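Engineer: I am sharing target16.cif, which consists of mmCIF, N, CA and C atoms:
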data_my_file
loop_
_atom_site.label_atom_id
_atom_site.label_comp_id
_atom_site.auth_asym_id
_atom_site.auth_seq_id
_atom_site.Cartn_x
_atom_site.Cartn_y
_atom_site.Cartn_z
N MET A 1 55.39 -19.52 -44.34
CA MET A 1 56.50 -18.57 -44.64
C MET A 1 57.26 -18.98 -45.90
N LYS A 2 57.50 -18.02 -46.78
CA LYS A 2 58.21 -18.29 -48.02
C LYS A 2 59.65 -18.73 -47.74
N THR A 3 60.29 -18.04 -46.80
CA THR A 3 61.68 -18.33 -46.41
C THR A 3 62.67 -18.06 -47.54
N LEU A 4 62.45 -18.69 -48.69
CA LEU A 4 63.33 -18.52 -49.84
C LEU A 4 63.46 -17.04 -50.23
N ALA A 5 62.36 -16.31 -50.10
CA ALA A 5 62.35 -14.88 -50.43
C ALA A 5 62.65 -14.66 -51.91
N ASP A 6 61.88 -13.80 -52.55
CA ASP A 6 62.07 -13.50 -53.97
C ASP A 6 61.07 -12.45 -54.44
N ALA A 7 61.53 -11.54 -55.29
CA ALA A 7 60.68 -10.48 -55.82
C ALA A 7 60.19 -9.55 -54.72
N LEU A 8 60.08 -8.27 -55.03
CA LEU A 8 59.63 -7.28 -54.07
C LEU A 8 58.85 -6.16 -54.76
N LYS A 9 57.96 -6.54 -55.66
CA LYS A 9 57.15 -5.57 -56.39
C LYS A 9 55.95 -5.14 -55.55
N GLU A 10 55.13 -6.10 -55.15
CA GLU A 10 53.96 -5.82 -54.33
C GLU A 10 54.20 -6.20 -52.89
N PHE A 11 53.34 -5.69 -52.03
CA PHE A 11 53.50 -5.88 -50.61
C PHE A 11 52.21 -5.62 -49.83
N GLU A 12 51.97 -6.46 -48.83
CA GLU A 12 50.80 -6.32 -47.98
C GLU A 12 51.11 -5.40 -46.82
N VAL A 13 50.15 -4.57 -46.48
CA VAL A 13 50.37 -3.56 -45.45
C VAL A 13 49.07 -3.10 -44.78
N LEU A 14 49.22 -2.38 -43.69
CA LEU A 14 48.09 -1.82 -42.95
C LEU A 14 47.78 -0.45 -43.55
N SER A 15 46.51 -0.15 -43.81
CA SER A 15 46.19 1.13 -44.45
C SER A 15 44.90 1.74 -43.92
N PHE A 16 44.86 3.06 -44.01
CA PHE A 16 43.71 3.84 -43.58
C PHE A 16 43.60 5.11 -44.40
N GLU A 17 42.46 5.79 -44.29
CA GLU A 17 42.24 7.02 -45.03
C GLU A 17 42.76 8.20 -44.22
N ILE A 18 43.41 9.12 -44.90
CA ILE A 18 44.00 10.29 -44.26
C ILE A 18 43.73 11.56 -45.05
N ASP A 19 42.65 12.25 -44.70
CA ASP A 19 42.26 13.49 -45.35
C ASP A 19 42.34 13.40 -46.87
N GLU A 20 41.57 12.48 -47.42
CA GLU A 20 41.50 12.25 -48.87
C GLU A 20 42.62 11.34 -49.36
N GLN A 21 43.82 11.51 -48.83
CA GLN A 21 44.95 10.68 -49.24
C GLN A 21 45.03 9.43 -48.37
N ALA A 22 45.53 8.34 -48.94
CA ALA A 22 45.63 7.09 -48.21
C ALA A 22 46.95 7.01 -47.46
N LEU A 23 47.00 6.15 -46.45
CA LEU A 23 48.20 5.98 -45.65
C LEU A 23 48.33 4.55 -45.16
N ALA A 24 49.54 4.00 -45.23
CA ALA A 24 49.79 2.62 -44.83
C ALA A 24 51.08 2.47 -44.02
N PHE A 25 51.06 1.53 -43.08
CA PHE A 25 52.20 1.23 -42.21
C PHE A 25 52.59 -0.23 -42.40
N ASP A 26 53.89 -0.50 -42.52
CA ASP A 26 54.36 -1.86 -42.71
C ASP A 26 53.64 -2.81 -41.77
N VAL A 27 52.66 -3.51 -42.34
CA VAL A 27 51.85 -4.47 -41.60
C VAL A 27 52.71 -5.45 -40.81
N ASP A 28 54.00 -5.51 -41.11
CA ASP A 28 54.89 -6.42 -40.40
C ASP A 28 54.97 -6.02 -38.93
N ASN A 29 55.13 -4.72 -38.70
CA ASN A 29 55.21 -4.20 -37.35
C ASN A 29 53.82 -3.99 -36.75
N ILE A 30 52.90 -3.48 -37.57
CA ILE A 30 51.54 -3.24 -37.14
C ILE A 30 50.88 -4.54 -36.68
N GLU A 31 50.40 -4.55 -35.44
CA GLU A 31 49.76 -5.74 -34.89
C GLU A 31 48.30 -5.86 -35.32
N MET A 32 47.49 -4.89 -34.94
CA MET A 32 46.07 -4.89 -35.28
C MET A 32 45.41 -3.55 -34.97
N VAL A 33 44.30 -3.28 -35.64
CA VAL A 33 43.57 -2.04 -35.44
C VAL A 33 42.54 -2.17 -34.32
N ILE A 34 42.46 -1.15 -33.47
CA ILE A 34 41.52 -1.15 -32.35
C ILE A 34 40.61 0.07 -32.39
N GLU A 35 39.32 -0.14 -32.16
CA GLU A 35 38.36 0.95 -32.17
C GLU A 35 38.24 1.57 -30.78
N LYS A 36 38.57 2.85 -30.67
CA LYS A 36 38.50 3.55 -29.40
C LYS A 36 38.67 5.06 -29.59
N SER A 37 38.33 5.83 -28.57
CA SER A 37 38.43 7.28 -28.64
C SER A 37 38.58 7.89 -27.25
N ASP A 38 39.19 9.08 -27.19
CA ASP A 38 39.39 9.78 -25.94
C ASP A 38 40.11 8.91 -24.92
N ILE A 39 41.17 8.24 -25.36
CA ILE A 39 41.96 7.38 -24.49
C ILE A 39 42.75 8.18 -23.47
N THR A 40 42.76 7.69 -22.23
CA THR A 40 43.52 8.32 -21.16
C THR A 40 43.47 9.85 -21.24
N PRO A 41 42.36 10.46 -20.79
CA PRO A 41 42.17 11.91 -20.82
C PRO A 41 42.75 12.64 -19.61
N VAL A 42 42.42 12.17 -18.40
CA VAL A 42 42.90 12.81 -17.18
C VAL A 42 44.38 12.53 -16.91
N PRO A 43 44.90 11.34 -17.27
CA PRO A 43 46.31 10.99 -17.05
C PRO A 43 47.28 11.75 -17.95
N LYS A 44 46.78 12.77 -18.65
CA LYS A 44 47.63 13.57 -19.54
C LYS A 44 48.92 13.95 -18.84
N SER A 45 49.92 14.29 -19.63
CA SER A 45 51.18 14.71 -19.05
C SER A 45 52.15 15.17 -20.14
N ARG A 46 52.36 14.33 -21.14
CA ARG A 46 53.25 14.66 -22.25
C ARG A 46 52.57 15.64 -23.21
N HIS A 47 52.38 15.23 -24.47
CA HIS A 47 51.74 16.09 -25.46
C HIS A 47 51.40 15.29 -26.72
N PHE A 48 52.39 14.56 -27.23
CA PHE A 48 52.19 13.74 -28.42
C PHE A 48 51.19 12.62 -28.15
N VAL A 49 51.45 11.86 -27.09
CA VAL A 49 50.58 10.76 -26.73
C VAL A 49 49.18 11.26 -26.37
N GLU A 50 48.23 11.01 -27.26
CA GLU A 50 46.85 11.42 -27.04
C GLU A 50 46.23 10.61 -25.91
N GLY A 51 46.69 9.37 -25.77
CA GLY A 51 46.17 8.51 -24.73
C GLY A 51 47.01 7.27 -24.50
N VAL A 52 46.53 6.40 -23.62
CA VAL A 52 47.21 5.15 -23.29
C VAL A 52 46.21 4.19 -22.65
N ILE A 53 46.61 2.94 -22.46
CA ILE A 53 45.73 1.96 -21.85
C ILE A 53 46.50 0.80 -21.23
N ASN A 54 46.06 0.39 -20.04
CA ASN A 54 46.70 -0.71 -19.33
C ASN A 54 46.08 -2.05 -19.73
N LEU A 55 46.93 -3.04 -19.95
CA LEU A 55 46.47 -4.37 -20.34
C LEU A 55 47.60 -5.38 -20.27
N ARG A 56 47.29 -6.59 -19.81
CA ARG A 56 48.28 -7.66 -19.69
C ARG A 56 49.53 -7.15 -18.99
N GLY A 57 49.34 -6.44 -17.89
CA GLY A 57 50.45 -5.90 -17.13
C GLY A 57 51.38 -5.05 -17.97
N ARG A 58 50.81 -4.22 -18.83
CA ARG A 58 51.61 -3.34 -19.69
C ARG A 58 50.74 -2.27 -20.34
N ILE A 59 51.13 -1.01 -20.16
CA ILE A 59 50.40 0.11 -20.72
C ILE A 59 50.95 0.49 -22.09
N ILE A 60 50.06 0.72 -23.05
CA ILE A 60 50.48 1.10 -24.39
C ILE A 60 50.14 2.56 -24.68
N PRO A 61 51.08 3.31 -25.28
CA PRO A 61 50.89 4.72 -25.60
C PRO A 61 50.35 4.93 -27.02
N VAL A 62 49.22 5.62 -27.11
CA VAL A 62 48.62 5.91 -28.40
C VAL A 62 48.90 7.35 -28.82
N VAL A 63 49.47 7.49 -30.01
CA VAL A 63 49.80 8.80 -30.56
C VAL A 63 49.27 8.90 -31.98
N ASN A 64 49.56 10.00 -32.65
CA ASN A 64 49.12 10.19 -34.02
C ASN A 64 50.31 10.38 -34.95
N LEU A 65 50.74 9.30 -35.61
CA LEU A 65 51.87 9.39 -36.52
C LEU A 65 51.59 10.45 -37.58
N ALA A 66 50.33 10.60 -37.93
CA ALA A 66 49.96 11.59 -38.92
C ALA A 66 50.32 12.99 -38.42
N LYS A 67 50.41 13.13 -37.10
CA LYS A 67 50.77 14.40 -36.46
C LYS A 67 52.28 14.57 -36.46
N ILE A 68 52.99 13.50 -36.11
CA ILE A 68 54.44 13.51 -36.07
C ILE A 68 54.96 13.72 -37.48
N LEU A 69 54.29 13.05 -38.41
CA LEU A 69 54.59 13.14 -39.82
C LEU A 69 54.02 14.44 -40.38
N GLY A 70 52.72 14.65 -40.14
CA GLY A 70 52.04 15.84 -40.62
C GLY A 70 50.89 15.52 -41.57
N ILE A 71 51.22 15.25 -42.85
CA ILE A 71 50.22 14.91 -43.87
C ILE A 71 49.00 15.84 -43.83
N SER A 72 48.06 15.60 -44.75
CA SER A 72 46.83 16.39 -44.81
C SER A 72 46.14 16.33 -43.45
N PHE A 73 46.21 15.16 -42.84
CA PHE A 73 45.66 14.91 -41.51
C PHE A 73 45.70 16.15 -40.61
N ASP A 74 44.66 16.29 -39.79
CA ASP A 74 44.54 17.41 -38.86
C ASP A 74 43.39 17.15 -37.89
N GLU A 75 43.27 15.90 -37.45
CA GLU A 75 42.22 15.50 -36.52
C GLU A 75 40.84 15.84 -37.07
N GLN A 76 40.66 15.66 -38.38
CA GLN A 76 39.41 15.96 -39.02
C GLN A 76 38.43 14.78 -38.97
N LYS A 77 38.79 13.67 -39.61
CA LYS A 77 37.92 12.50 -39.64
C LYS A 77 38.45 11.35 -38.78
N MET A 78 39.39 11.65 -37.89
CA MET A 78 39.97 10.64 -37.00
C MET A 78 38.87 9.89 -36.25
N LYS A 79 39.02 8.57 -36.12
CA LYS A 79 38.02 7.76 -35.41
C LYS A 79 38.58 6.42 -34.94
N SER A 80 39.25 5.70 -35.84
CA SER A 80 39.81 4.39 -35.51
C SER A 80 41.22 4.50 -34.95
N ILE A 81 41.69 3.42 -34.32
CA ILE A 81 43.03 3.39 -33.74
C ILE A 81 43.82 2.17 -34.22
N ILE A 82 45.14 2.28 -34.22
CA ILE A 82 46.01 1.20 -34.67
C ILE A 82 47.08 0.87 -33.63
N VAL A 83 47.44 -0.41 -33.54
CA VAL A 83 48.46 -0.85 -32.60
C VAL A 83 49.68 -1.37 -33.36
N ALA A 84 50.86 -1.23 -32.75
CA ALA A 84 52.10 -1.66 -33.38
C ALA A 84 53.19 -1.93 -32.35
N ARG A 85 53.85 -3.08 -32.45
CA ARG A 85 54.94 -3.41 -31.54
C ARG A 85 56.24 -2.88 -32.12
N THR A 86 57.04 -2.22 -31.31
CA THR A 86 58.28 -1.66 -31.80
C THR A 86 59.38 -1.64 -30.75
N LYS A 87 60.36 -2.51 -30.94
CA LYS A 87 61.51 -2.58 -30.03
C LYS A 87 61.05 -2.61 -28.58
N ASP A 88 60.10 -3.49 -28.31
CA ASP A 88 59.54 -3.65 -26.99
C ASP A 88 58.68 -2.45 -26.61
N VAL A 89 58.03 -1.88 -27.61
CA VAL A 89 57.13 -0.75 -27.41
C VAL A 89 55.84 -1.00 -28.16
N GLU A 90 54.75 -1.21 -27.45
CA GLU A 90 53.49 -1.41 -28.12
C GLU A 90 52.87 -0.05 -28.32
N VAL A 91 53.18 0.48 -29.49
CA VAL A 91 52.80 1.81 -29.90
C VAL A 91 51.45 1.82 -30.58
N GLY A 92 50.83 2.97 -30.58
CA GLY A 92 49.52 3.10 -31.20
C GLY A 92 49.35 4.37 -32.01
N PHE A 93 48.61 4.27 -33.11
CA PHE A 93 48.35 5.41 -33.98
C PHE A 93 46.88 5.50 -34.34
N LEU A 94 46.25 6.62 -34.01
CA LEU A 94 44.84 6.81 -34.31
C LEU A 94 44.64 7.41 -35.70
N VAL A 95 43.73 6.81 -36.45
CA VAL A 95 43.41 7.26 -37.80
C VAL A 95 41.90 7.41 -38.00
N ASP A 96 41.51 7.72 -39.22
CA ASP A 96 40.10 7.93 -39.55
C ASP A 96 39.38 6.61 -39.77
N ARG A 97 39.63 6.02 -40.92
CA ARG A 97 39.05 4.75 -41.27
C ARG A 97 40.12 3.86 -41.85
N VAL A 98 40.52 2.88 -41.07
CA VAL A 98 41.56 1.99 -41.50
C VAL A 98 41.01 0.80 -42.26
N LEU A 99 41.44 0.75 -43.51
CA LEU A 99 41.04 -0.27 -44.46
C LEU A 99 41.62 -1.62 -44.08
N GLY A 100 42.75 -1.57 -43.40
CA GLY A 100 43.42 -2.79 -42.99
C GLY A 100 44.40 -3.27 -44.05
N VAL A 101 44.27 -4.52 -44.47
CA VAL A 101 45.16 -5.08 -45.48
C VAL A 101 45.20 -4.18 -46.72
N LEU A 102 46.41 -3.90 -47.21
CA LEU A 102 46.57 -3.03 -48.36
C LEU A 102 47.61 -3.59 -49.33
N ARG A 103 47.31 -3.51 -50.61
CA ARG A 103 48.22 -4.01 -51.64
C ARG A 103 49.20 -2.92 -52.05
N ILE A 104 50.15 -2.62 -51.17
CA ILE A 104 51.14 -1.59 -51.45
C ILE A 104 52.33 -2.19 -52.15
N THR A 105 52.76 -1.56 -53.23
CA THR A 105 53.94 -2.01 -53.91
C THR A 105 55.10 -1.29 -53.27
N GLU A 106 56.24 -1.93 -53.20
CA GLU A 106 57.36 -1.30 -52.53
C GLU A 106 58.65 -1.41 -53.31
N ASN A 107 58.81 -0.52 -54.27
CA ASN A 107 60.01 -0.46 -55.06
C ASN A 107 61.13 0.18 -54.24
N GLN A 108 60.78 0.65 -53.04
CA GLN A 108 61.73 1.28 -52.15
C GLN A 108 62.79 0.29 -51.71
N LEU A 109 62.34 -0.83 -51.15
CA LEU A 109 63.23 -1.87 -50.67
C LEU A 109 63.70 -2.77 -51.81
N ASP A 110 64.95 -3.22 -51.71
CA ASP A 110 65.54 -4.10 -52.71
C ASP A 110 66.90 -4.58 -52.23
N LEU A 111 67.75 -3.64 -51.84
CA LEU A 111 69.08 -3.96 -51.33
C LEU A 111 69.04 -4.02 -49.81
N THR A 112 68.31 -3.08 -49.22
CA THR A 112 68.16 -3.00 -47.78
C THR A 112 67.33 -1.77 -47.40
N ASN A 113 66.24 -1.57 -48.13
CA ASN A 113 65.36 -0.42 -47.89
C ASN A 113 66.10 0.89 -48.14
N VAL A 114 65.53 1.73 -49.00
CA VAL A 114 66.11 2.99 -49.35
C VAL A 114 65.17 3.79 -50.24
N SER A 115 64.66 4.89 -49.72
CA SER A 115 63.75 5.74 -50.47
C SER A 115 63.45 7.03 -49.71
N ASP A 116 63.57 8.16 -50.41
CA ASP A 116 63.31 9.47 -49.81
C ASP A 116 61.99 10.05 -50.28
N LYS A 117 61.07 9.18 -50.68
CA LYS A 117 59.76 9.59 -51.15
C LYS A 117 59.08 10.54 -50.17
N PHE A 118 59.31 10.31 -48.89
CA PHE A 118 58.71 11.12 -47.83
C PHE A 118 59.43 10.85 -46.52
N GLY A 119 60.73 10.69 -46.63
CA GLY A 119 61.55 10.41 -45.47
C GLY A 119 61.76 11.61 -44.57
N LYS A 120 60.73 12.44 -44.46
CA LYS A 120 60.80 13.61 -43.61
C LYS A 120 60.57 13.20 -42.16
N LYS A 121 59.75 12.17 -41.99
CA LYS A 121 59.42 11.65 -40.67
C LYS A 121 58.96 10.20 -40.78
N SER A 122 59.53 9.47 -41.75
CA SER A 122 59.18 8.07 -41.96
C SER A 122 59.94 7.49 -43.15
N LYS A 123 59.44 6.38 -43.70
CA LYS A 123 60.10 5.74 -44.84
C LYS A 123 59.90 6.54 -46.12
N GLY A 124 58.66 6.88 -46.44
CA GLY A 124 58.42 7.65 -47.65
C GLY A 124 57.02 7.53 -48.23
N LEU A 125 56.75 8.35 -49.24
CA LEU A 125 55.47 8.39 -49.93
C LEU A 125 55.29 7.14 -50.81
N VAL A 126 54.06 6.66 -50.89
CA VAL A 126 53.73 5.47 -51.69
C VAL A 126 52.69 5.79 -52.76
N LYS A 127 52.72 5.02 -53.84
CA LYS A 127 51.78 5.20 -54.94
C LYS A 127 51.55 3.89 -55.68
N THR A 128 50.30 3.65 -56.07
CA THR A 128 49.94 2.44 -56.77
C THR A 128 48.63 2.61 -57.53
N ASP A 129 48.55 1.96 -58.70
CA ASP A 129 47.35 2.03 -59.54
C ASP A 129 46.85 3.46 -59.68
N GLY A 130 47.76 4.37 -59.99
CA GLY A 130 47.39 5.77 -60.16
C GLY A 130 46.68 6.32 -58.94
N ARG A 131 47.18 5.98 -57.76
CA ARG A 131 46.58 6.44 -56.52
C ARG A 131 47.65 6.90 -55.54
N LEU A 132 47.38 8.00 -54.84
CA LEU A 132 48.33 8.54 -53.88
C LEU A 132 48.12 7.93 -52.50
N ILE A 133 49.23 7.59 -51.85
CA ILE A 133 49.20 6.99 -50.52
C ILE A 133 50.51 7.25 -49.78
N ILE A 134 50.45 7.30 -48.46
CA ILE A 134 51.64 7.50 -47.65
C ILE A 134 52.07 6.16 -47.07
N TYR A 135 53.37 5.92 -46.94
CA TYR A 135 53.83 4.65 -46.41
C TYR A 135 55.00 4.81 -45.47
N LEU A 136 55.01 4.01 -44.41
CA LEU A 136 56.09 4.06 -43.44
C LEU A 136 56.19 2.76 -42.66
N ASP A 137 57.42 2.37 -42.33
CA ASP A 137 57.68 1.15 -41.58
C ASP A 137 57.86 1.47 -40.10
N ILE A 138 57.12 2.47 -39.65
CA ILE A 138 57.14 2.93 -38.27
C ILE A 138 58.55 3.00 -37.67
N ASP A 139 59.57 3.06 -38.52
CA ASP A 139 60.96 3.11 -38.04
C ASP A 139 61.37 4.48 -37.52
N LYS A 140 61.21 5.51 -38.34
CA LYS A 140 61.59 6.86 -37.94
C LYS A 140 60.54 7.48 -37.05
N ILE A 141 59.29 7.09 -37.26
CA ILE A 141 58.19 7.59 -36.48
C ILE A 141 58.28 7.08 -35.05
N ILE A 142 58.56 5.78 -34.88
CA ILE A 142 58.72 5.23 -33.54
C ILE A 142 59.96 5.79 -32.87
N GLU A 143 61.07 5.83 -33.61
CA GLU A 143 62.31 6.36 -33.08
C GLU A 143 62.06 7.69 -32.40
N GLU A 144 61.25 8.51 -33.06
CA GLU A 144 60.89 9.82 -32.54
C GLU A 144 59.92 9.68 -31.36
N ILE A 145 59.09 8.64 -31.38
CA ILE A 145 58.14 8.41 -30.31
C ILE A 145 58.86 8.35 -28.96
N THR A 146 60.01 7.68 -28.95
CA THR A 146 60.80 7.53 -27.73
C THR A 146 61.65 8.77 -27.44
N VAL A 147 62.43 9.20 -28.44
CA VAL A 147 63.30 10.36 -28.28
C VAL A 147 62.55 11.68 -28.48
N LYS A 148 61.22 11.61 -28.50
CA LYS A 148 60.40 12.79 -28.71
C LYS A 148 60.89 13.98 -27.88
N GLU A 149 61.22 13.73 -26.62
CA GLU A 149 61.70 14.78 -25.73
C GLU A 149 62.92 15.48 -26.31
N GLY A 150 62.86 16.80 -26.40
CA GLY A 150 63.96 17.57 -26.94
C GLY A 150 63.59 19.02 -27.20
N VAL A 151 62.45 19.22 -27.86
CA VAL A 151 61.99 20.57 -28.17
C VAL A 151 63.02 21.33 -29.00
#
Is it possible to give me this structure as structure tokens?

Structural biologist:
Amino acid sequence: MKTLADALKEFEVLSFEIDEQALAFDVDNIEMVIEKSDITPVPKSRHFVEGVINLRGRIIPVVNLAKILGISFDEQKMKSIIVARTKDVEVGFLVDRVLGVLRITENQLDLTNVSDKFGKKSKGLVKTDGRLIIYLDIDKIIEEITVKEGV
């Protein structure tokens, strides 16, 4: 651990492909990517949560942030799944092909995180090396995961 902390130009993150455009989640919260499909089909009940799974005496809910957010995504090339711990919530997001480690630059954060690049349902839009990508620290997306109920 650096501890001293300094500079905030580049940043490591979790990333996957999303209908031609790239997408990344603050690898800090993101635990690891898991390969699976058609999770918890009969136990349906809600709507957002596509599935769930029991493990280590704790069930985790898998949803599609790309759905909560929107993006080009539309369950077209979806295949891989992602896990993320959030305020005692082991959340999950299914994607197409997750590249994993990503060299995302984050000019957003500096004083205490601030950017409306795509703060419609997350932190915001990301861009690097003349390439388009979506980025989020699962903060607003998770917040909605819990308070989803409302209509």

Engineer: Just the helix (DSSP H, G or I) stuff from chain A, please, per backbone DSSP, written as a list in words.

Structural biologist: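 So the helix (DSSP H, G or I) residues in chain A would be residues 65, 66, 67, 68, 69, 139, 140, 141, 142, 143, 144, 145, 146 and 147 of chain A.
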
Engineer: I need the residues from that last selection saved to file as a PDB file, keeping the file's coordinate frame (with N, CA and C atoms), if you can.

Structural biologist:
ATOM      1  N   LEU A  65      50.740   9.300 -35.610  1.00  0.00           N
ATOM      2  CA  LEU A  65      51.870   9.390 -36.520  1.00  0.00           C
ATOM      3  C   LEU A  65      51.590  10.450 -37.580  1.00  0.00           C
ATOM      4  N   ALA A  66      50.330  10.600 -37.930  1.00  0.00           N
ATOM      5  CA  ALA A  66      49.960  11.590 -38.920  1.00  0.00           C
ATOM      6  C   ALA A  66      50.320  12.990 -38.420  1.00  0.00           C
ATOM      7  N   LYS A  67      50.410  13.130 -37.100  1.00  0.00           N
ATOM      8  CA  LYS A  67      50.770  14.400 -36.460  1.00  0.00           C
ATOM      9  C   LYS A  67      52.280  14.570 -36.460  1.00  0.00           C
ATOM     10  N   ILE A  68      52.990  13.500 -36.110  1.00  0.00           N
ATOM     11  CA  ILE A  68      54.440  13.510 -36.070  1.00  0.00           C
ATOM     12  C   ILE A  68      54.960  13.720 -37.480  1.00  0.00           C
ATOM     13  N   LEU A  69      54.290  13.050 -38.410  1.00  0.00           N
ATOM     14  CA  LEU A  69      54.590  13.140 -39.820  1.00  0.00           C
ATOM     15  C   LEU A  69      54.020  14.440 -40.380  1.00  0.00           C
ATOM     16  N   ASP A 139      59.570   3.060 -38.520  1.00  0.00           N
ATOM     17  CA  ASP A 139      60.960   3.110 -38.040  1.00  0.00           C
ATOM     18  C   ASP A 139      61.370   4.480 -37.520  1.00  0.00           C
ATOM     19  N   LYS A 140      61.210   5.510 -38.340  1.00  0.00           N
ATOM     20  CA  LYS A 140      61.590   6.860 -37.940  1.00  0.00           C
ATOM     21  C   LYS A 140      60.540   7.480 -37.050  1.00  0.00           C
ATOM     22  N   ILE A 141      59.290   7.090 -37.260  1.00  0.00           N
ATOM     23  CA  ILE A 141      58.190   7.590 -36.480  1.00  0.00           C
ATOM     24  C   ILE A 141      58.280   7.080 -35.050  1.00  0.00           C
ATOM     25  N   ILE A 142      58.560   5.780 -34.880  1.00  0.00           N
ATOM     26  CA  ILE A 142      58.720   5.230 -33.540  1.00  0.00           C
ATOM     27  C   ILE A 142      59.960   5.790 -32.870  1.00  0.00           C
ATOM     28  N   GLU A 143      61.070   5.830 -33.610  1.00  0.00           N
ATOM     29  CA  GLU A 143      62.310   6.360 -33.080  1.00  0.00           C
ATOM     30  C   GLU A 143      62.060   7.690 -32.400  1.00  0.00           C
ATOM     31  N   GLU A 144      61.250   8.510 -33.060  1.00  0.00           N
ATOM     32  CA  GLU A 144      60.890   9.820 -32.540  1.00  0.00           C
ATOM     33  C   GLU A 144      59.920   9.680 -31.360  1.00  0.00           C
ATOM     34  N   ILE A 145      59.090   8.640 -31.380  1.00  0.00           N
ATOM     35  CA  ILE A 145      58.140   8.410 -30.310  1.00  0.00           C
ATOM     36  C   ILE A 145      58.860   8.350 -28.960  1.00  0.00           C
ATOM     37  N   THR A 146      60.010   7.680 -28.950  1.00  0.00           N
ATOM     38  CA  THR A 146      60.800   7.530 -27.730  1.00  0.00           C
ATOM     39  C   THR A 146      61.650   8.770 -27.440  1.00  0.00           C
ATOM     40  N   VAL A 147      62.430   9.200 -28.440  1.00  0.00           N
ATOM     41  CA  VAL A 147      63.300  10.360 -28.280  1.00  0.00           C
ATOM     42  C   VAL A 147      62.550  11.680 -28.480  1.00  0.00           C
TER      43      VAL A 147
END

Engineer: Which polymer residues, whether protein, DNA or RNA, lie within 6.5 Å of the coordinate (41.8, 3.8, -41.9) when you count only N, CA and C atoms? List them as a list in words, using the chain letters and numbers from the file.

Structural biologist: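 Returned residue set, sorted by chain then number, is residues 15, 16, 17, 18, 95, 96, 97, 98, 99 and 100 of chain A.
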
Engineer: Identify, on the basis of only C-alpha atoms, every residue whose closest approach to residue 62 (chain A) does not exceed 7 Å; exclude the query and any residue fewer than 3 positions from it along the same chain; express the result as an MDAnalysis selection string.

Structural biologist: chainID A and resid 49:52 91:93

Engineer: Find the residues near residue 30 (chain A): any atom within 6.5 Å, counting all atoms listed in the file, skip ones fewer than 2 places away on the same chain, and give them as a list in words.

Structural biologist: residues 25, 26, 27, 28, 32, 83, 84 and 85 of chain A

Engineer: Would you mind listing, for every residue of region 41-117 of chain A within 8 Å of region 135-142 of chain A, the two atoms forming the shortest contact and the distance between them in Å to one decimal, using only N, CA and C atoms, sorted by chain and ascending residue number, as a Markdown table?

Structural biologist:
| residue | atom | partner | partner_atom | distance |
| --- | --- | --- | --- | --- |
| A:65 | CA | A:141 | CA | 6.6 |
| A:68 | C | A:141 | CA | 7.0 |
| A:69 | N | A:141 | CA | 7.0 |
| A:86 | CA | A:142 | CA | 7.1 |
| A:91 | CA | A:142 | CA | 7.7 |

Engineer: Would you return as JSON, numbers by chain the members of region 13-121 of chain A that DSSP assigns to strand (DSSP E) on this structure's backbone?

Structural biologist: {"A": [13, 14, 15, 16, 17, 18, 21, 22, 23, 24, 25, 30, 31, 32, 33, 34, 35, 51, 52, 53, 54, 55, 58, 59, 60, 61, 62, 63, 80, 81, 82, 83, 84, 85, 90, 91, 92, 93, 94, 95, 97, 98, 99, 100, 101, 102, 103, 104, 105]}

Engineer: Which residue out of A:102, A:147, A:53, A:71 has the minimum interatomic distance to residue 39 (chain A) when only N, CA and C atoms are used?

Structural biologist: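 Using only N, CA and C atoms, the shortest distance to residue 39 (chain A) belongs to A:53.
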
Engineer: Which one is closest to residue 103 (chain A): A:59, A:145, A:126, A:78? Count only C-alpha atoms.

Structural biologist: A:126

Engineer: Do you have the CA of residue 101 (chain A)-atom N of residue 57 (chain A) distance handy?

Structural biologist: 27.9 Å

Engineer: Which residue is closest to residue 104 (chain A)? Choose from A:81, A:13, A:42, A:134 and count all atoms listed in the file.

Structural biologist: A:13

Engineer: Let me make sure I understand: among A:109, A:70, A:5, A:40, which one has the smallest atom-to-atom distance to residue 121 (chain A) if we use only N, CA and C atoms?

Structural biologist: A:70

Engineer: At what distance in Å, to one decimal, does atom N of residue 105 (chain A) lie from CA of residue 128 (chain A)?

Structural biologist: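 Straight-line distance from CA of residue 128 (chain A) to atom N of residue 105 (chain A) works out to 6.0 Å.
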
Engineer: Could you state the separation of CA of residue 47 (chain A) and CA of residue 133 (chain A) in Å, given to one decimal place?

Structural biologist: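 Those two atoms sit 26.8 Å apart.
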
Engineer: Counting all atoms listed in the file, figure out which residue out of A:132, A:120, A:38, A:127 gets nearest to residue 20 (chain A).

Structural biologist: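 Answer, going by the shortest atom-to-atom distance: A:132.
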